[PDB]
Amino acid sequence: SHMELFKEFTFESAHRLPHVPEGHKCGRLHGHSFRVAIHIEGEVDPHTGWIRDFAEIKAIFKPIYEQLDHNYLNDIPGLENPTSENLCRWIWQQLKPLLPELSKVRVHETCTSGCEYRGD
Amino acid sequence: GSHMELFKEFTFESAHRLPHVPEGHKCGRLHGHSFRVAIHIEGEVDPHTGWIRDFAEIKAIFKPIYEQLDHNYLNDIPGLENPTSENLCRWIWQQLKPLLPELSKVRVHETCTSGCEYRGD
Amino acid sequence: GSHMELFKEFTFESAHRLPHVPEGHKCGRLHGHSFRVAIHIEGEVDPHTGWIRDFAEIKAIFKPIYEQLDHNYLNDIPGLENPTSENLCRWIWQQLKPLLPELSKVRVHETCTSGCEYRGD
Amino acid sequence: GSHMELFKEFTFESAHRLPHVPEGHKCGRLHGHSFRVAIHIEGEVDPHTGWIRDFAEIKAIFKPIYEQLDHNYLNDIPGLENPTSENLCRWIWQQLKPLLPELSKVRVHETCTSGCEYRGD
Amino acid sequence: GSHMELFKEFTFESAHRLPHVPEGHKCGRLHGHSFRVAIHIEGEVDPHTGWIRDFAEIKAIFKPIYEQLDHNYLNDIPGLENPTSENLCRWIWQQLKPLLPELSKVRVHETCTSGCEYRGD
Amino acid sequence: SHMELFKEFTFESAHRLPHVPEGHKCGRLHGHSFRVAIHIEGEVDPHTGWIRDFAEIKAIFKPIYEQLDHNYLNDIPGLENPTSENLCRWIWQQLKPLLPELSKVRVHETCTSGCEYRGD
Ligand SMILES: [Zn+2]
Ligand SMILES: [Zn+2]
Ligand SMILES: [Zn+2]
Ligand SMILES: [Zn+2]
Ligand SMILES: [Zn+2]
Ligand SMILES: [Zn+2]
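About the criteria used
- Summary of conventions: residues on each chain are numbered from 1 in written sequence order, possibly unlike the entry numbering, and any residue without coordinates is omitted from what is shown.
- Here every chain gets a letter starting at A, and every ligand a number starting at 1, in the order they are written.
- Computation of side-chain values: all heavy atoms of the structure, hydrogens and water removed.
- Any carboxyl oxygen of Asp or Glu within 4 Å of a side-chain nitrogen of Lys or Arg constitutes a salt bridge here.
- Secondary structure elements follow DSSP: runs of H or I no shorter than four residues count as helices, runs of E no shorter than two count as strands, and numbering proceeds from the N terminus.
- The rule is simple: take the accessible area with a 1.4 Å probe, protein chains only, and divide by the maximum for that residue type; under 20% is buried, over 50% is exposed, in between is partly exposed.
- Should any heavy atoms of two residues lie within 4.5 Å, those residues are considered in contact.
- When two components associate, each loses some accessible surface as probed by a 1.4 Å sphere; the sum of these losses over both components is called the buried area.
- In the analysis that follows, any N or O atom pair within 3.5 Å is treated as a polar contact, provided that within protein one partner can donate a hydrogen and the other can accept it, and provided that, for residues neighboring in sequence, both atoms belong to side chains.
- Sites may look incomplete because water is not among the atoms; the donors themselves are N, O and S atoms within 2.8 Å of the metal, or within 3.2 Å for Na, K and Ca.
- Three residue categories are used. Nonpolar comprises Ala, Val, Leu, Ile, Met, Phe, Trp, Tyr, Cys and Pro, charged comprises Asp, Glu, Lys and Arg, and polar comprises the others, including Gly.
- DSSP calls a pair of strands paired once it identifies at least 2 bridges connecting them.

- This entry, as listed in the PDB, derives from X-ray crystallography and reports a resolution of 2.330 Å.

## Things to note about the pattern of salt bridges
Then, in step 1: Tallying each qualifying case throughout the model produces 33 salt bridges over all chains.
Then, in step 2: For the salt bridge of A:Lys104 with A:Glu116, the shortest nitrogen-to-oxygen distance reads 3.6 Å. Of this pair, A:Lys104 sits in strand 3 (residues 102-108) while A:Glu116 is found in strand 4 (residues 113-117), placing the two residues twelve residues apart along the sequence.
Then, in step 3: The buried category is assigned to A:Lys104, whose relative accessible area is 11%.
Then, in step 4: Assessed through its relative accessible area of 14%, A:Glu116 is described here as buried.
Then, in step 5: Two residues, D:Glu102 and D:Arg53, come together in a salt bridge whose shortest N-O distance is 2.6 Å. With D:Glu102 in the loop between helix 2 (85-96) and strand 3 (103-109) and D:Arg53 in the loop between strand 2 (31-44) and helix 1 (55-69), this residue pair connects regions lying 49 residues apart in the sequence.
Then, in step 6: Where salt bridges share partners, they join E:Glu5, E:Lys105, F:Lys104, F:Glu116 and F:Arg118 into one cluster.

## Points about the interface of chain A and chain F
Size of an interface, as often reported, equals the accessible area lost when the parts are brought together.
Then, in step 1: At the interface, 17 residues of chain A touch 17 residues of chain F.
Then, in step 2: Carbon and sulfur atoms make up 57% of the area that chain A and chain F hide from each other, which totals about 1,400 Å².
Then, in step 3: It is A:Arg28, A:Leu29 and A:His70 in chain A that bury the most area against chain F; as a group they hold 39% of the surface buried on that side.
Then, in step 4: In this assembly, chain A and chain F are joined by zero salt bridges.
Then, in step 5: Linking chain A with chain F are 13 residue pairs in polar contact, by the criterion used here.
Then, in step 6: Looking at the side of chain A that touches chain F, the elements with two or more residues in it are strand 1 (3-15) and strand 2 (30-42) of chain A.

## What about the coordination of the zinc ion (ligand 2)?
All names here are of chain B.
Then, in step 1: Distances from the zinc ion (ligand 2) to its protein donors, namely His-16 (NE2), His-31 (NE2), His-33 (NE2) and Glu-110 (OE), fall within the range 2.1 to 2.4 Å.
Then, in step 2: Coordination of the zinc ion (ligand 2) draws on donor residues from a single chain, spaced H-x14-H-x1-H-x76-E in sequence. Taken together, the positions of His-16 in strand 1 (residues 3-16) and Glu-110 in the loop between strand 3 (103-109) and strand 4 (114-118) put the pair 94 residues apart, joining distant regions of the chain. With respect to burial, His-16 and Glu-110 carry one shared label: buried.

## Here's the deal with the interface of chain F and chain D
Then, in step 1: Each partner contributes residues to the interface: chain F has 16 residues there, and chain D has 19 residues.
Then, in step 2: The interface formed by chain F and chain D holds zero salt bridges in total.
Then, in step 3: At the boundary of chain F and chain D, one finds ten residue pairs in polar contact.
Then, in step 4: Per element, the largest residue contribution to the side of chain F that touches chain D is seven residues, and it comes from strand 1 (residues 2-15) of chain F.
Then, in step 5: Of the residues assigned to the side of chain F that touches chain D, the class counts are seven nonpolar, five polar and four charged.
Then, in step 6: Two strands pair when backbone bridges link them, and strand 4 (residues 114-118) of chain D and strand 1 of chain F are joined in this way by five bridges, in the antiparallel orientation. Residue pairing in the sheet places D:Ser114 in a bridge with F:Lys7 of strand 1 of chain F.

So this is what it looks like as structure tokens:
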């Protein structure tokens, strides 16, 4: 049949943007309850009734989640400019080799904002 | 003439059980969820009514399917003997397509942090 | 540059009434909603700045439009004589697109379970 | 014979305005909201039924008041000419206590970030 | 030590049915919910730790009780032969109180618009 | 005529706990989307139909909110141990003299936890 699954995670982190003007709130040390949705697309298995067990997606994500959660994002190599966009890219890059069916990463910095990457 | 997508959301409080998972797997025990399903349509907006079709008609069309689902054990429903999220999506789409030809997407959320989306593909 | 999609969501508290619904239909009465609107932009992420567009500029551009809608009677706004979600989506698009070229989607929710989405098409 | 407090929550989509606020206040303009109202009751838990009252008896009893409120202009309802959240809370209590003796609290939310609570005192 | 109230929330995905409702009533059908439980404690804030008790401790304490409830059929649990929100509040309390003396409230939500709240005998 | 009102705000902040044991996740630099509800109690005025104009509560709370939001909490005087409990107490100290109907301060560090203070 071919569908799209998703699983959402929340990590509690600090970050700050290095390249904004002096008076900019985004350049001050702050943090968020980030949410990340992991999307995968694939053919639904006839016998298991699913594309992939949600729990395998949780297990694959865990070490990446643990780097991010309760940490300062600017200290991870590659995230010295931890915009929502760069965080999407980085999460995509970490996951993609471990999860070929990855179709989309969505990060929500706040409750009223979102960014989405599809490897394009 | 403008083309747009609409959606309408429903919750149903159901029990289910997965028959093919390993013997200690938690999904294999009798359990339940507050399932959410969003029903999406696409079409052109009418210049007079100013809409594609009333949200209430989408509700009205889904009601019979929804009543099978809500406050019930999903495994007892013909066609849902393996009521995974994926299987629930295709099933609702099979049920709804003939009634609602502009149907473009069915979305099911087993929990607040997961979900399945089906476009009839 | 890698292509991505960003959204900012706003909420306005407004009254409205639908002029062209049948006699007896609830939407023909004066009522209102906590309307949510999400503004979506698409584009190439700049390698240096790490963004497509400063959200804060988006917030600033949208402000006077937001201020027309919030704590106001939608029907009194020119072009919103029939303030359906559909016509809200399109009205908002028409006001914003000249000022925000990367605008790719306007999404309006009149209720917590209903939704409309316009891409300009 | 345990003492507990139960609640049920309803949402009504309504318009209102405050008559008595200074000239250019935003609350003095015709606007509206998706109002959330929670009805709380207190009592002893019945050993036979395992509950204080059926969630759906409360719903059945509230339906007449809810329907006055929903998809309407609140200023036209007698006793709500000044439909602040406070006066709304009082009015709902006045309408409901006669018909639900175990009523303990009325909670009204104009928006997702505000709330008013009345305990009959 | 300033006196305060903390709470920790948990979601368990469970099946149940109510054995004592009239023959047609939906609650007597086998179904389920995403039950939310909130565990509250009260006490004095330590001048050094700056807290009453680490949130994670409340979670660690609840874990054996949570694991009985989650992904299970509640009716099969002893004490829960009538698993209403009320009985499930009293039951959670009875299990929790010996382990967490500062326990002050158990709050159970069968759905997103309903709730039950208990404070012991 | 006696009621309780609240108004809720979200501050996006960094913090770390200095007094947690050596391996504890909270001793690392991190952050949260903190939600604070500010409750007042009082008599509804028969003319205005309110206890207090929400616009005035918001104007009074605003610059205190501006200190918390998009900032490192440990740099605020009095917030050297910025737990949720200490957050509540700090907010109550700052606000109570300027809002005497203040009845309750409530902060939620995450979507699943919360702390409630009523000046006791
Ligand atoms: Zn940020
Ligand atoms: Zn399940
Ligand atoms: Zn409407
Ligand atoms: Zn209002
Ligand atoms: Zn139930
Ligand atoms: Zn923390």
